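Here is the file input_23.cif (mmCIF, N, CA and C atoms).
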data_protein
loop_
_atom_site.group_PDB
_atom_site.id
_atom_site.type_symbol
_atom_site.label_atom_id
_atom_site.label_comp_id
_atom_site.auth_asym_id
_atom_site.auth_seq_id
_atom_site.Cartn_x
_atom_site.Cartn_y
_atom_site.Cartn_z
ATOM 1 N N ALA A 1 22.289 61.459 -16.407
ATOM 2 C CA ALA A 1 23.465 62.251 -16.743
ATOM 3 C C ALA A 1 24.237 61.562 -17.851
ATOM 4 N N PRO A 2 24.907 62.343 -18.692
ATOM 5 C CA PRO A 2 25.657 61.700 -19.772
ATOM 6 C C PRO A 2 26.863 60.937 -19.237
ATOM 7 N N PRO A 3 27.359 59.991 -20.028
ATOM 8 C CA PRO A 3 28.499 59.208 -19.559
ATOM 9 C C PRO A 3 29.736 60.066 -19.435
ATOM 10 N N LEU A 4 30.583 59.744 -18.481
ATOM 11 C CA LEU A 4 31.838 60.464 -18.341
ATOM 12 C C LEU A 4 32.749 60.146 -19.521
ATOM 13 N N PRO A 5 33.454 61.158 -20.044
ATOM 14 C CA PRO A 5 34.389 60.859 -21.132
ATOM 15 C C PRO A 5 35.523 59.954 -20.655
ATOM 16 N N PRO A 6 36.134 59.204 -21.574
ATOM 17 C CA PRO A 6 37.405 58.585 -21.190
ATOM 18 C C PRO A 6 38.427 59.669 -20.803
ATOM 19 N N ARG A 7 39.324 59.354 -19.885
ATOM 20 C CA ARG A 7 40.305 60.335 -19.418
ATOM 21 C C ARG A 7 41.536 60.404 -20.304
ATOM 22 N N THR B 1 34.021 81.378 -19.623
ATOM 23 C CA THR B 1 33.189 81.055 -18.465
ATOM 24 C C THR B 1 32.031 80.108 -18.813
ATOM 25 N N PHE B 2 31.937 79.050 -18.019
ATOM 26 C CA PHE B 2 30.977 77.984 -18.196
ATOM 27 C C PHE B 2 30.106 77.841 -16.953
ATOM 28 N N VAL B 3 28.961 77.190 -17.120
ATOM 29 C CA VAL B 3 28.062 76.873 -16.022
ATOM 30 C C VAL B 3 27.851 75.362 -15.958
ATOM 31 N N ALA B 4 27.851 74.837 -14.740
ATOM 32 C CA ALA B 4 27.603 73.422 -14.514
ATOM 33 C C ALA B 4 26.145 73.085 -14.742
ATOM 34 N N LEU B 5 25.901 72.076 -15.571
ATOM 35 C CA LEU B 5 24.537 71.628 -15.859
ATOM 36 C C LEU B 5 24.092 70.484 -14.955
ATOM 37 N N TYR B 6 25.057 69.910 -14.251
ATOM 38 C CA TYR B 6 24.906 68.738 -13.388
ATOM 39 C C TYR B 6 25.781 68.943 -12.160
ATOM 40 N N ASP B 7 25.473 68.225 -11.078
ATOM 41 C CA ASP B 7 26.467 68.004 -10.034
ATOM 42 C C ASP B 7 27.520 67.035 -10.546
ATOM 43 N N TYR B 8 28.716 67.124 -9.982
ATOM 44 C CA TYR B 8 29.774 66.167 -10.277
ATOM 45 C C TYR B 8 30.574 65.927 -9.004
ATOM 46 N N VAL B 9 30.623 64.666 -8.586
ATOM 47 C CA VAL B 9 31.396 64.209 -7.444
ATOM 48 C C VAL B 9 32.789 63.733 -7.896
ATOM 49 N N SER B 10 33.832 64.287 -7.291
ATOM 50 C CA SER B 10 35.208 63.911 -7.645
ATOM 51 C C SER B 10 35.448 62.415 -7.556
ATOM 52 N N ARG B 11 36.166 61.888 -8.540
ATOM 53 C CA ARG B 11 36.479 60.463 -8.598
ATOM 54 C C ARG B 11 37.980 60.204 -8.541
ATOM 55 N N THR B 12 38.770 61.270 -8.485
ATOM 56 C CA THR B 12 40.217 61.169 -8.348
ATOM 57 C C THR B 12 40.716 62.297 -7.464
ATOM 58 N N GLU B 13 41.995 62.252 -7.107
ATOM 59 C CA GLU B 13 42.573 63.303 -6.282
ATOM 60 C C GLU B 13 42.759 64.635 -7.019
ATOM 61 N N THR B 14 42.584 64.652 -8.342
ATOM 62 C CA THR B 14 42.736 65.897 -9.091
ATOM 63 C C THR B 14 41.460 66.385 -9.760
ATOM 64 N N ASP B 15 40.344 65.698 -9.541
ATOM 65 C CA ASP B 15 39.070 66.173 -10.059
ATOM 66 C C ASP B 15 38.585 67.371 -9.232
ATOM 67 N N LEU B 16 37.668 68.113 -9.824
ATOM 68 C CA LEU B 16 36.933 69.171 -9.146
ATOM 69 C C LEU B 16 35.491 68.719 -8.936
ATOM 70 N N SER B 17 35.067 68.626 -7.681
ATOM 71 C CA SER B 17 33.648 68.428 -7.359
ATOM 72 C C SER B 17 32.915 69.755 -7.517
ATOM 73 N N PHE B 18 31.725 69.734 -8.102
ATOM 74 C CA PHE B 18 30.949 70.943 -8.271
ATOM 75 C C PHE B 18 29.462 70.635 -8.273
ATOM 76 N N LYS B 19 28.699 71.672 -7.969
ATOM 77 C CA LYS B 19 27.255 71.621 -7.980
ATOM 78 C C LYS B 19 26.675 72.246 -9.229
ATOM 79 N N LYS B 20 25.544 71.710 -9.659
ATOM 80 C CA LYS B 20 24.771 72.322 -10.725
ATOM 81 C C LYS B 20 24.632 73.830 -10.476
ATOM 82 N N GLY B 21 24.885 74.626 -11.511
ATOM 83 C CA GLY B 21 24.769 76.072 -11.446
ATOM 84 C C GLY B 21 26.053 76.808 -11.093
ATOM 85 N N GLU B 22 27.080 76.096 -10.626
ATOM 86 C CA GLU B 22 28.357 76.754 -10.362
ATOM 87 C C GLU B 22 28.916 77.352 -11.649
ATOM 88 N N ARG B 23 29.590 78.481 -11.512
ATOM 89 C CA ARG B 23 30.260 79.128 -12.620
ATOM 90 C C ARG B 23 31.732 78.745 -12.585
ATOM 91 N N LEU B 24 32.234 78.294 -13.722
ATOM 92 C CA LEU B 24 33.574 77.759 -13.822
ATOM 93 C C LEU B 24 34.362 78.484 -14.903
ATOM 94 N N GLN B 25 35.632 78.720 -14.652
ATOM 95 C CA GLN B 25 36.532 79.238 -15.667
ATOM 96 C C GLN B 25 37.396 78.091 -16.126
ATOM 97 N N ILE B 26 37.473 77.892 -17.430
ATOM 98 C CA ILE B 26 38.271 76.808 -17.973
ATOM 99 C C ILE B 26 39.711 77.260 -18.083
ATOM 100 N N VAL B 27 40.588 76.505 -17.440
ATOM 101 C CA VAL B 27 42.007 76.792 -17.419
ATOM 102 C C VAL B 27 42.706 76.176 -18.635
ATOM 103 N N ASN B 28 42.487 74.884 -18.882
ATOM 104 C CA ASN B 28 43.065 74.214 -20.038
ATOM 105 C C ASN B 28 42.353 72.885 -20.310
ATOM 106 N N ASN B 29 42.731 72.244 -21.401
ATOM 107 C CA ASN B 29 42.186 70.926 -21.715
ATOM 108 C C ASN B 29 43.291 69.848 -21.688
ATOM 109 N N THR B 30 44.090 69.841 -20.600
ATOM 110 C CA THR B 30 45.237 68.921 -20.497
ATOM 111 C C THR B 30 44.894 67.473 -20.188
ATOM 112 N N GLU B 31 43.605 67.188 -20.010
ATOM 113 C CA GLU B 31 43.114 65.824 -19.854
ATOM 114 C C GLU B 31 42.103 65.513 -20.991
ATOM 115 N N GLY B 32 42.188 66.252 -22.103
ATOM 116 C CA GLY B 32 41.348 65.988 -23.278
ATOM 117 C C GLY B 32 39.918 66.513 -23.170
ATOM 118 N N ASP B 33 38.943 65.605 -23.164
ATOM 119 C CA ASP B 33 37.557 65.978 -22.850
ATOM 120 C C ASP B 33 37.371 66.199 -21.335
ATOM 121 N N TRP B 34 38.449 66.002 -20.586
ATOM 122 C CA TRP B 34 38.530 66.420 -19.195
ATOM 123 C C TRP B 34 39.310 67.725 -19.170
ATOM 124 N N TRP B 35 38.659 68.758 -18.654
ATOM 125 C CA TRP B 35 39.207 70.115 -18.656
ATOM 126 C C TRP B 35 39.630 70.490 -17.245
ATOM 127 N N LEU B 36 40.758 71.178 -17.125
ATOM 128 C CA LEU B 36 41.123 71.792 -15.851
ATOM 129 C C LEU B 36 40.288 73.051 -15.695
ATOM 130 N N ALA B 37 39.558 73.157 -14.589
ATOM 131 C CA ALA B 37 38.610 74.255 -14.391
ATOM 132 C C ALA B 37 38.760 74.815 -12.997
ATOM 133 N N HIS B 38 38.450 76.094 -12.881
ATOM 134 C CA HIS B 38 38.435 76.792 -11.619
ATOM 135 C C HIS B 38 37.018 77.233 -11.317
ATOM 136 N N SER B 39 36.524 76.863 -10.141
ATOM 137 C CA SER B 39 35.198 77.295 -9.726
ATOM 138 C C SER B 39 35.241 78.701 -9.164
ATOM 139 N N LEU B 40 34.516 79.608 -9.807
ATOM 140 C CA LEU B 40 34.382 80.952 -9.278
ATOM 141 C C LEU B 40 33.556 80.912 -8.000
ATOM 142 N N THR B 41 32.756 79.867 -7.862
ATOM 143 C CA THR B 41 31.845 79.740 -6.750
ATOM 144 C C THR B 41 32.599 79.281 -5.478
ATOM 145 N N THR B 42 33.446 78.255 -5.583
ATOM 146 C CA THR B 42 34.120 77.681 -4.414
ATOM 147 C C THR B 42 35.607 78.030 -4.284
ATOM 148 N N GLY B 43 36.205 78.499 -5.371
ATOM 149 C CA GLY B 43 37.626 78.795 -5.393
ATOM 150 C C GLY B 43 38.521 77.597 -5.657
ATOM 151 N N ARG B 44 37.939 76.412 -5.802
ATOM 152 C CA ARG B 44 38.728 75.218 -6.068
ATOM 153 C C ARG B 44 39.026 75.064 -7.549
ATOM 154 N N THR B 45 40.057 74.278 -7.834
ATOM 155 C CA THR B 45 40.509 74.007 -9.186
ATOM 156 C C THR B 45 40.761 72.513 -9.342
ATOM 157 N N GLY B 46 40.280 71.941 -10.436
ATOM 158 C CA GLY B 46 40.476 70.528 -10.703
ATOM 159 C C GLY B 46 39.853 70.141 -12.033
ATOM 160 N N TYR B 47 39.990 68.876 -12.395
ATOM 161 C CA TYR B 47 39.520 68.396 -13.677
ATOM 162 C C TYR B 47 38.024 68.101 -13.647
ATOM 163 N N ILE B 48 37.357 68.412 -14.761
ATOM 164 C CA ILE B 48 35.928 68.224 -14.903
ATOM 165 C C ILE B 48 35.620 67.542 -16.227
ATOM 166 N N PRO B 49 34.510 66.811 -16.268
ATOM 167 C CA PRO B 49 34.054 66.249 -17.541
ATOM 168 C C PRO B 49 33.414 67.361 -18.367
ATOM 169 N N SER B 50 33.939 67.618 -19.567
ATOM 170 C CA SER B 50 33.529 68.810 -20.304
ATOM 171 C C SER B 50 32.089 68.740 -20.784
ATOM 172 N N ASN B 51 31.509 67.549 -20.818
ATOM 173 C CA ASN B 51 30.122 67.407 -21.242
ATOM 174 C C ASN B 51 29.125 67.703 -20.095
ATOM 175 N N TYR B 52 29.612 68.111 -18.932
ATOM 176 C CA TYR B 52 28.740 68.453 -17.816
ATOM 177 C C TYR B 52 28.547 69.964 -17.667
ATOM 178 N N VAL B 53 29.175 70.727 -18.564
ATOM 179 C CA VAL B 53 29.131 72.181 -18.505
ATOM 180 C C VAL B 53 28.770 72.754 -19.876
ATOM 181 N N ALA B 54 28.325 74.008 -19.881
ATOM 182 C CA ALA B 54 28.045 74.719 -21.120
ATOM 183 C C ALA B 54 28.427 76.190 -20.929
ATOM 184 N N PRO B 55 28.644 76.929 -22.022
ATOM 185 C CA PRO B 55 29.043 78.320 -21.860
ATOM 186 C C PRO B 55 28.017 79.153 -21.130
ATOM 187 N N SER B 56 28.504 80.037 -20.277
ATOM 188 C CA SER B 56 27.658 81.038 -19.679
ATOM 189 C C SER B 56 27.149 81.949 -20.774
ATOM 190 N N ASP B 57 25.939 82.429 -20.590
ATOM 191 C CA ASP B 57 25.354 83.241 -21.613
ATOM 192 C C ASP B 57 26.153 84.535 -21.749
#

As structure tokens - that is how I would like this structure written.
Amino acid sequence: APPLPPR
Amino acid sequence: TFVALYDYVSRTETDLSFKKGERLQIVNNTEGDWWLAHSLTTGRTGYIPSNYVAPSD
């Protein structure tokens, strides 16, 4: 899965 | 209207957990690349990683 974006 | 391409498990009290294939309506982008979304499938609303979804055809 792709990395989670910064919040 | 977007479709989930992946499962996503909530990591905060305001995230939305969803399963691959759920249909989501995007409410806003008040967390940037984190979007506030409503699941048409579960009725829940919360923030999602925008790179885990794509537009419904």

Item checked: Polymer residues at most 9 Å from residue 18 (chain B), only C-alpha atoms, same-chain spacing of 6 or more positions, as a list in words ->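 Near residue 18 (chain B), the qualifying residues are residues 4, 6, 7, 8, 9, 10, 39, 41, 42 and 48 of chain B.
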
Notebook entry, point to check: Evaluating the PyMOL selection byres ((chain B and name CA) within 7 of (chain A and name CA)) on the displayed file yields which residues, as an MDAnalysis selection string?
Noted result: chainID B and resid 31:34 49

Item checked: Atom pair atom C of residue 57 (chain B) / atom C of residue 35 (chain B): separation (Å) -> 20.0 Å

Notebook entry, point to check: Any idea what's packed within 6 Å of residue 36 (chain B), counting all atoms listed in the file, ignoring anything in its chain fewer than 3 positions away? Could you give it as a PyMOL selection string?
Noted result: chain B and resi 25-31+46-48

Preceding selection exported with N, CA and C atoms as a PDB file, keeping the file's coordinate frame:
ATOM      1  N   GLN B  25      35.632  78.720 -14.652  1.00  0.00           N
ATOM      2  CA  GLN B  25      36.532  79.238 -15.667  1.00  0.00           C
ATOM      3  C   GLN B  25      37.396  78.091 -16.126  1.00  0.00           C
ATOM      4  N   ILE B  26      37.473  77.892 -17.430  1.00  0.00           N
ATOM      5  CA  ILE B  26      38.271  76.808 -17.973  1.00  0.00           C
ATOM      6  C   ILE B  26      39.711  77.260 -18.083  1.00  0.00           C
ATOM      7  N   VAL B  27      40.588  76.505 -17.440  1.00  0.00           N
ATOM      8  CA  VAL B  27      42.007  76.792 -17.419  1.00  0.00           C
ATOM      9  C   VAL B  27      42.706  76.176 -18.635  1.00  0.00           C
ATOM     10  N   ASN B  28      42.487  74.884 -18.882  1.00  0.00           N
ATOM     11  CA  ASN B  28      43.065  74.214 -20.038  1.00  0.00           C
ATOM     12  C   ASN B  28      42.353  72.885 -20.310  1.00  0.00           C
ATOM     13  N   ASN B  29      42.731  72.244 -21.401  1.00  0.00           N
ATOM     14  CA  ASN B  29      42.186  70.926 -21.715  1.00  0.00           C
ATOM     15  C   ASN B  29      43.291  69.848 -21.688  1.00  0.00           C
ATOM     16  N   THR B  30      44.090  69.841 -20.600  1.00  0.00           N
ATOM     17  CA  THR B  30      45.237  68.921 -20.497  1.00  0.00           C
ATOM     18  C   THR B  30      44.894  67.473 -20.188  1.00  0.00           C
ATOM     19  N   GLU B  31      43.605  67.188 -20.010  1.00  0.00           N
ATOM     20  CA  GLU B  31      43.114  65.824 -19.854  1.00  0.00           C
ATOM     21  C   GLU B  31      42.103  65.513 -20.991  1.00  0.00           C
ATOM     22  N   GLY B  46      40.280  71.941 -10.436  1.00  0.00           N
ATOM     23  CA  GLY B  46      40.476  70.528 -10.703  1.00  0.00           C
ATOM     24  C   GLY B  46      39.853  70.141 -12.033  1.00  0.00           C
ATOM     25  N   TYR B  47      39.990  68.876 -12.395  1.00  0.00           N
ATOM     26  CA  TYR B  47      39.520  68.396 -13.677  1.00  0.00           C
ATOM     27  C   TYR B  47      38.024  68.101 -13.647  1.00  0.00           C
ATOM     28  N   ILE B  48      37.357  68.412 -14.761  1.00  0.00           N
ATOM     29  CA  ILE B  48      35.928  68.224 -14.903  1.00  0.00           C
ATOM     30  C   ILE B  48      35.620  67.542 -16.227  1.00  0.00           C
TER      31      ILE B  48
END

Notebook entry, point to check: If you count only C-alpha atoms, which residues fall within 7 Å of residue 53 (chain B), apart from same-chain ones fewer than 4 positions away, as a PyMOL selection string?
Noted result: chain B and resi 2-5

Next item on the list: Using all atoms listed in the file, determine which residues lie at most 8 Å from residue 44 (chain B), disregarding the query and same-chain residues fewer than 4 positions distant; provide the list as number ranges by chain.
Entry: B: 15-17, 37-40

Check: Could you write out, as an NGL selection string, all the residues of chain B that DSSP marks as strand (DSSP E)?
Finding: :B and (2-4 or 23-31 or 34-39 or 45-49 or 53-55)

With 6 Å on each side, where is the centre of the axis-aligned box around all listed atoms of chain A, and how long are its edges in Å to one decimal, as JSON?
{"center_x": 31.9, "center_y": 60.5, "center_z": -19.0, "size_x": 31.2, "size_y": 15.8, "size_z": 17.2}

Item checked: Separation of CA of residue 55 (chain B) from CA of residue 43 (chain B), in Å and rounded to one decimal ->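 Distance between the two atoms: 18.6 Å.
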
Note to self: One number please: atom N of residue 23 (chain B) to atom C of residue 11 (chain B), in Å, one decimal.
What the structure shows: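 Calculated distance between atom N of residue 23 (chain B) and atom C of residue 11 (chain B) is 20.3 Å.
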
Complete the atom set of chain A to N, CA, C and O atoms and return it as a PDB file, in the frame of the given file.
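The result, written out as out-v1.pdb:
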ATOM      1  N   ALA A   1      22.289  61.459 -16.407  1.00  0.00           N
ATOM      2  CA  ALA A   1      23.465  62.251 -16.743  1.00  0.00           C
ATOM      3  C   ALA A   1      24.237  61.562 -17.851  1.00  0.00           C
ATOM      4  O   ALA A   1      24.235  60.348 -17.956  1.00  0.00           O
ATOM      5  N   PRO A   2      24.907  62.343 -18.692  1.00  0.00           N
ATOM      6  CA  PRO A   2      25.657  61.700 -19.772  1.00  0.00           C
ATOM      7  C   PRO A   2      26.863  60.937 -19.237  1.00  0.00           C
ATOM      8  O   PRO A   2      27.340  61.179 -18.129  1.00  0.00           O
ATOM      9  N   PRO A   3      27.359  59.991 -20.028  1.00  0.00           N
ATOM     10  CA  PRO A   3      28.499  59.208 -19.559  1.00  0.00           C
ATOM     11  C   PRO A   3      29.736  60.066 -19.435  1.00  0.00           C
ATOM     12  O   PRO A   3      29.939  60.998 -20.218  1.00  0.00           O
ATOM     13  N   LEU A   4      30.583  59.744 -18.481  1.00  0.00           N
ATOM     14  CA  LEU A   4      31.838  60.464 -18.341  1.00  0.00           C
ATOM     15  C   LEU A   4      32.749  60.146 -19.521  1.00  0.00           C
ATOM     16  O   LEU A   4      32.799  59.009 -19.985  1.00  0.00           O
ATOM     17  N   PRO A   5      33.454  61.158 -20.044  1.00  0.00           N
ATOM     18  CA  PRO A   5      34.389  60.859 -21.132  1.00  0.00           C
ATOM     19  C   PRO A   5      35.523  59.954 -20.655  1.00  0.00           C
ATOM     20  O   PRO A   5      35.866  59.955 -19.467  1.00  0.00           O
ATOM     21  N   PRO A   6      36.134  59.204 -21.574  1.00  0.00           N
ATOM     22  CA  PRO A   6      37.405  58.585 -21.190  1.00  0.00           C
ATOM     23  C   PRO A   6      38.427  59.669 -20.803  1.00  0.00           C
ATOM     24  O   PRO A   6      38.364  60.795 -21.307  1.00  0.00           O
ATOM     25  N   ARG A   7      39.324  59.354 -19.885  1.00  0.00           N
ATOM     26  CA  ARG A   7      40.305  60.335 -19.418  1.00  0.00           C
ATOM     27  C   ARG A   7      41.536  60.404 -20.304  1.00  0.00           C
ATOM     28  O   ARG A   7      41.715  59.568 -21.184  1.00  0.00           O
TER      29      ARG A   7
END
